[PDB]
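So the sequence lines, in the order shown, correspond to chains L, D and V.
According to my numbering, the stretch in the first sequence is residues 1 to 218, in order.
According to my numbering, the stretch in the second sequence is residues 1 to 210, in order.
According to my numbering, the stretch in the third sequence is residues 1 to 213, in order.
The structure under discussion appears below in the form of structure tokens.
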Amino acid sequence: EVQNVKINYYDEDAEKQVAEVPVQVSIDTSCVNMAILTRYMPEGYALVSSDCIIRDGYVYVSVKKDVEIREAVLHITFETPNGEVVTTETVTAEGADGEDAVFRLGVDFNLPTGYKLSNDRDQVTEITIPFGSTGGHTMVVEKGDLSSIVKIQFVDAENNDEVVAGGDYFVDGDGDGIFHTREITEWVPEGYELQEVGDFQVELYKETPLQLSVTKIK
Amino acid sequence: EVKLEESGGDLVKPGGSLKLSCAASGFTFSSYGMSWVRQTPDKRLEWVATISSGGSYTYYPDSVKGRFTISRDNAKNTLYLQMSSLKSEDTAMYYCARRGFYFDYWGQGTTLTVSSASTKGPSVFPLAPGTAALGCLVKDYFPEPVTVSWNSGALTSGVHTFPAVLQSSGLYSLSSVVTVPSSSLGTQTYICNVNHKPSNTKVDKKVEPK
Amino acid sequence: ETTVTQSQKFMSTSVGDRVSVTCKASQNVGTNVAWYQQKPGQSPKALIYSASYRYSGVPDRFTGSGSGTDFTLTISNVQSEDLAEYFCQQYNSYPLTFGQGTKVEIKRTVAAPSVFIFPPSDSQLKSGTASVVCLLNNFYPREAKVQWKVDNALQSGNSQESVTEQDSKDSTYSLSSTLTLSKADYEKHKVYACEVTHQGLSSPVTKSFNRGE
Ligand SMILES: [Ca+2]
């Protein structure tokens with residue numbers, strides 16, 4: 001399944017439609033990125049402006065002919081609130097020299113994998129860089145998953161708590177420091193069922209493992 | 001602080017009349033334009049009347065003009081909507097709202113039902129029970145708002161109260177369930193509190209296993 | 001008399017994504033446009049006035065734009081609690097008029113429904129009707145199919161379904177289906193089964209009981 005969208009390239013100077021291009025995009029997007037708008041740019045014309053928005057099946061693009069086409073270039077740096085750099089990326093867009101390229105989070109560039117916008121402040125989600133110029137911007141992010149490693153040994157309660165298996169398992173995605181055995185029942189040894197059950201504290205098991213009782217099935 | 005509280009919704013026969021009221025507090029009422037907006041079962045919003053702060057200006061859409069009238073009492077800080085020659089299509093939730101253009105505060109709504117049918121109170125039946133699911137079946141009531149809570153509103157985790165469905169008999173019916181630890185059954189008592197104000201019916205049904 | 005139209009009945013978006021709700025006025029209304037958010041079970045809440053102004057307390061992720069005839073509400077960094085119907089409204093002139101409402105739902109991992117079934121109570125059999133209930137709890141894709149099979153024979157015309165709105169924390173749905181039957185018809189058959197198909201099931205799942213046990 002995908003979405004059919006008509007791109008309306010309009011020359012506001014000529015006050016004429018220059019082209020109406022049908023394209024296909026993912027079914028759950030409502031904003032088409034500049035790279036698509038300029039991929040299907042009719043020959044001789046340059047991007048001036050578009051709000052990207054899919055409006056009853058149409059995207060409106062203001063374009064202009066006989067002008068120089070230049071890249072707007074954006075160096076985005078993603079930092080975590082303590083100043084450490086997650087990643088850096090450069091994205092570009094080409095349009096009419098001196099007009100405004102608007103880079104919008106999630107359409108023209110994405111957050112690092114595993115991260116989200118930080119909840120510690122308000123920041124901009126759109127960055128405007130004129131074509132023919134270069135700009136920088138730092139976006140502040142936070143990890144999506146706060147899981148920690150915890151050492152666990154499964155231990156046979158009917159044989160003097162002999163170690164059956166163990167390892168380091170990721171738990172506590174919310175990051176509150178508490179985890180529940182539902183999060184590690186995936187790992188119980190094959191011939192065994194988990195008998196020791198409930199909540200447990202992450203900080204206590206980064207060095208010595210938590211021993212959880214297990215017994216042989218049937 | 002701003003609060004708007006409507007009342008007077010009821011079941012009314014076609015051709016009837018009914019007056020709605022809205023008690024306003026938390027702000028200088030006589031300084032604001034005020035309005036009424038209704039929401040039909042299909043969830044569409046329709047503006048029905050507006051009045052200026054001093055009452056000098058009133059405005060209505062054609063669907064209601066000549067049948068509905070808006071007034072205020074700036075001594076009691078109350079907004080009114082009188083309705084006459086009511087039609088089936090006036091059945092809606094009526095909201096009181098502040099200002100007369102956009103609406104920056106809304107009340108909770110009161111419910112108007114225009115119908116020839118008669119009030120009927122619900123029968124309440126238990127849906128008897130890792131986790132266990134139990135619930136409550138609220139069957140064959142007519143005027144629409146029924147409210148259902150568990151344990152006097154204190155149990156909300158895992159509760160699902162389902163939208164009312166219209167049976168072919170013209171009567172509504174509805175279920176509410178909740179999921180709990182199975183080991184709590186036979187210790188904890190679980191009560192579904194059903195209130196159908198249109199019939200002044202209030203039931204507190206214990207749901208237990210068997 | 002100025003009409004406003006929302007062409008999107010339903011939009012689906014993931015947490016952290018962007019979503020743009022559109023509104024088209026039948027005449028120029030300048031910026032005299034407002035937006036509202038109605039969460040389920042709640043009354044409408046005011047979000048934007050004059051096209052682009054937020055009320056105090058409305059978070060920055062709600063952005064309204066437009067002028068003339070084309071208006072837009074953009075929710076950036078969508079949260080699972082942003083699910084709601086979103087309404088635009090023109091107040092450039094009387095009559096004040098609303099768009100039809102755009103329902104914004106959250107996308108999440110497929111989730112398989114947990115299925116329960118409830119025999120009719122003895123209070124209800126005493127009065128002459130038998131209602132058998134099937135609950136499908138906490139699933140995603142809203143799309144699902146319930147089939148009532150009596151003594152291994154599929155029914156129709158004596159079932160009604162109801163679906164909750166999407167849960168605001170997890171992003172799941174629940175469904176209730178009722179099989180209504182006369183007390184006469186009820187104690188004629190023995191096996192009552194609820195057949196459930198859904199995207200999270202590789203095959204239909206059936207819960208059932210024998211009348212009496
Ligand atoms: Ca945790």
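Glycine included, each C-beta is placed from N, C-alpha and C at the ideal position.
Practice prompt. Flag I178 (chain L) as yes when its Cβ comes closer than 8 Å to any non-hydrogen atom of ligand 2, and as no otherwise.
Written response: Only ligand 1 can be found as ligands here, which leaves ligand 2 out of the picture.
Worksheet item: How close, in whole Å, do the beta carbons of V29 (chain V) and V78 (chain V) come, if the pair is a contact with beta carbons under 8 Å?
Response: On the third sequence, residue 29 (chain V) is found 29 positions in, with the first residue counted as 1. On the third sequence, residue 78 (chain V) is found 78 positions in, with the first residue counted as 1. No, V29 (chain V) and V78 (chain V) are not in contact; Cβ-Cβ is about 27 Å, not under 8 Å.
Practice prompt. Select from the stretch 125 to 148 of chain D all residues with a C-beta closer than 8 Å to any C-beta belonging to chain V, and list them in chain order.
Written response: Listed by position along the chain: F125, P126, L127, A128, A133, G135, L137, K139.
Worksheet item: So which of D:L137, D:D140, D:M34 has the shortest CA-CA distance to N74 (chain D)?
Response: Translated into positions along the second sequence, residue 74 (chain D) becomes position 74. Ranking the options by Cα distance to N74 (chain D), first place goes to D:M34.
Worksheet item: Ends of the alpha helix (DSSP H) at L37 (chain L)?
Response: On the first sequence, position 37 is the one that residue 37 (chain L) refers to. Unbroken alpha helix (DSSP H) run through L37 (chain L): 34 to 39.
Fill in: Positions along the stretch 104 to 123 of chain L whose CB lies within less than 9 Å of some CB in chain V
Under the 9 Å Cβ criterion, the stretch 104 to 123 of chain L contributes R104, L105, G106, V107, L111, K116, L117, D122, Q123.
Item to complete: For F170 (chain L), count neighbouring Cβ atoms within 10 angstroms of its own Cβ and tell me buried if that reaches 16, exposed if not.
Response: By 1-based counting over the first sequence, the position of residue 170 (chain L) is 170. Counting Cβ neighbours within 10 Å, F170 (chain L) comes out exposed, since fewer than 16 surround it.
Discussion item. Comparing C-alpha positions only, which one of L:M139, L:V150, L:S213, L:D145 sits nearest to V163 (chain L)?
Written reply: Walking along the first sequence from the start, residue 163 (chain L) turns up at place 163. If we check each option's Cα against that of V163 (chain L), L:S213 comes out closest.
Worksheet item: Can we say the stretch 201 to 212 of chain L touches the stretch 7 to 19 of chain D, given the rule of at least three CB pairs closer than 8 Å?
Response: Flag = no, the stretch 201 to 212 of chain L and the stretch 7 to 19 of chain D do not touch.
Worksheet item: Taking any Cβ of chain L, which residues in the stretch 64 to 91 of chain V have a Cβ under 7 Å from it, in chain order?
Response: Here the close residues are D70, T72, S76, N77.
Item to complete: At 3 residues or longer, and completely inside the stretch 143 to 184 of chain L: list those beta strand (DSSP E) runs for me, N to C.
Response: Listed in chain order, the complete beta strand (DSSP E) runs (minimum 3 residues) inside the stretch 143 to 184 of chain L are 148 to 156, 162 to 171, 178 to 180.
Worksheet entry | Near ligand 1: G175 (chain L) beta-carbon under 8 Å from a heavy atom | If you number the first sequence from 1, residue 175 (chain L) lands on position 175. At least one heavy atom of ligand 1 is nearer than 8 Å to the Cβ of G175 (chain L), so yes.
Discussion item. Which same chain residues end up closer than 6 Å to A130 (chain V) when comparing Cβ atoms and leaving out the 5 residues on each side of it in sequence?
Written reply: Working through the third sequence from its first residue, we reach residue 130 (chain V) at position 130. Exclusion of the five residues before and after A130 (chain V) leaves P120, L181, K183, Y186 as the residues of its chain whose Cβ lies within less than 6 Å of its Cβ.
Item to complete: Please list the partners that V133 (chain V) has in chain B, where partner means a Cβ-to-Cβ separation under 8 Å.
Response: Protein chains L, D and V are contained in the structure displayed, whereas chain B is not.
Discussion item. Given 8 Å as the limit, tell me if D172 (chain L) has its C-beta closer than that to any heavy atom belonging to ligand 1.
Written reply: Residue 172 (chain L) sits at position 172 when you count from the first residue of the first sequence. Within the cutoff, so yes.
Discussion item. Taking only three categories from DSSP, how would you classify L171 (chain D)?
Written reply: Against the second sequence, residue 171 (chain D) aligns to sequence position 171. The answer is coil: DSSP assigns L171 (chain D) none of H, G, I, E or B.
Worksheet item: Thinking C-alpha only, which one of L:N33, L:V188, L:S49 is nearest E196 (chain L)?
Response: Looking up residue 196 (chain L) in the first sequence gives position 196. Nearest option by C-alpha distance: L:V188.
Discussion item. Within 9 Å of any Cβ in chain V, is that where the Cβ of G107 (chain D) sits?
Written reply: The residue labelled residue 107 (chain D) in the question sits at position 107 within the second sequence. By this cut-off, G107 (chain D) is an interface position.
Practice prompt. Using a Cβ-Cβ cut-off of less than 7 Å, give me the residues of the stretch 9 to 20 of chain D that come near chain V, in sequence order.
Written response: Look at the stretch 9 to 20 of chain D: it has no residue with a C-beta under 7 Å from a C-beta of chain V.
Discussion item. Are the CB atoms of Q89 (chain V) and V163 (chain V) within a distance shorter than 9 Å?
Written reply: Walking along the third sequence from the start, residue 163 (chain V) turns up at place 163. Walking along the third sequence from the start, residue 89 (chain V) turns up at place 89. No, the Cβ-Cβ distance between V163 (chain V) and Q89 (chain V) is not below 9 Å.
Discussion item. Could you tell me the alpha carbon to alpha carbon distance between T91 (chain D) and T40 (chain D), rounded to whole angstroms?
Written reply: Position 91 of the second sequence holds residue 91 (chain D). Position 40 of the second sequence holds residue 40 (chain D). Taking the straight line from one Cα to the other gives about 7 Å.
Item to complete: Under 7 Å between beta-carbons, which chain V residues line up against residue 276 (chain D)? List them in chain order, please.
Response: A query on residue 276 (chain D) cannot be resolved here, the shown segment of chain D reaching from 1 to 210 and no further.
Worksheet item: Quick one: any contact between the stretch 76 to 93 of chain D and the stretch 73 to 87 of chain V, if contact means 3 or more CB pairs under 8 Å?
Response: Counting Cβ pairs under 8 Å, fewer than three are found: no touch.
Item to complete: Starting from the C-beta of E143 (chain V), find all residues in its chain whose C-beta is less than 8 Å away, skip the five residues before and the five after it, and write them out in chain order.
Response: Along the third sequence, one-based indexing puts residue 143 (chain V) at 143. In its chain, beyond the 5 residues on either side, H198, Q199 have a beta carbon closer than 8 Å to the beta carbon of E143 (chain V).
Practice prompt. Quick one: using the 10 Å Cβ neighbour count with 16 as the cut-off for buried, is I152 (chain L) buried or exposed?
Written response: Taking the first residue of the first sequence as position 1, residue 152 (chain L) is located at position 152. Using a 10 angstroms sphere on the CB of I152 (chain L), the tally of other CB atoms reaches 16 or more, which defines it as buried.
Worksheet entry | Exposure of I27 (chain L), with buried meaning 16 or more beta-carbon neighbours within 10 Å | Within the first sequence, numbered from 1, the residue matching residue 27 (chain L) stands at position 27. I27 (chain L) comes out exposed.
Worksheet item: In this structure, does DSSP put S50 (chain L) in helix, strand or coil?
Response: In the first sequence, counting from the first residue as 1, residue 50 (chain L) sits at position 50. The three-state secondary structure of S50 (chain L), taken from DSSP, is coil.
Worksheet entry | Closer than 8 Å at the beta carbon, the chain D residues around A51 (chain V) | One-based indexing of the third sequence puts residue 51 (chain V) at position 51. Correct list: empty, because the minimum Cβ distance to chain D is about 11 Å.
Worksheet item: What are the partner residues of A51 (chain V), as DSSP defines its beta bridges?
Response: Locating residue 51 (chain V) in the third sequence gives position 51, counting from the first residue. In the DSSP output, where bridge partners are listed per residue, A51 (chain V) has none listed.
Fill in: chain V residues whose Cβ lies nearer than 8 Å to that of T179 (chain D)
In the second sequence, counting from the first residue as 1, residue 179 (chain D) sits at position 179. Counting only Cβ-Cβ distances below 8 Å, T179 (chain D) has contacts in chain V at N137, in chain order.
Discussion item. Using only the alpha-carbon positions, how far apart do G186 (chain D) and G109 (chain D) sit?
Written reply: Taking the first residue of the second sequence as 1, we reach residue 186 (chain D) at position 186. Taking the first residue of the second sequence as 1, we reach residue 109 (chain D) at position 109. If you take the alpha carbons of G186 (chain D) and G109 (chain D), they lie about 40 Å apart.
Practice prompt. Look up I76 (chain L) in the DSSP assignment and give the residues it is bridged to.
Written response: As a working mapping, residue 76 (chain L) is identified with position 76 in the first sequence. For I76 (chain L), which the question treats as bridged, DSSP gives the partners L:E89, L:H137.
Fill in: Residue from V:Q37, V:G68, V:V132, V:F118 with nearest C-alpha to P59 (chain V)
One-based indexing of the third sequence puts residue 59 (chain V) at position 59. For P59 (chain V), the nearest C-alpha among the options comes from V:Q37.
Practice prompt. With a 10 Å radius around its C-beta and 16 neighbouring C-beta atoms as the bar for buried, classify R104 (chain L) as buried or exposed.
Written response: Along the first sequence, one-based indexing puts residue 104 (chain L) at 104. A residue is called buried when at least 16 other Cβ atoms come within 10 angstroms of its Cβ; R104 (chain L) meets this threshold and is buried.
Item to complete: Assign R39 (chain L) to one of two classes, buried (16 or more other C-beta atoms within 10 Å of its C-beta) or exposed (fewer than that).
Response: The count along the first sequence starts at 1 and reaches residue 39 (chain L) at position 39. Exposed: under 16 other Cβ atoms inside 10 Å.
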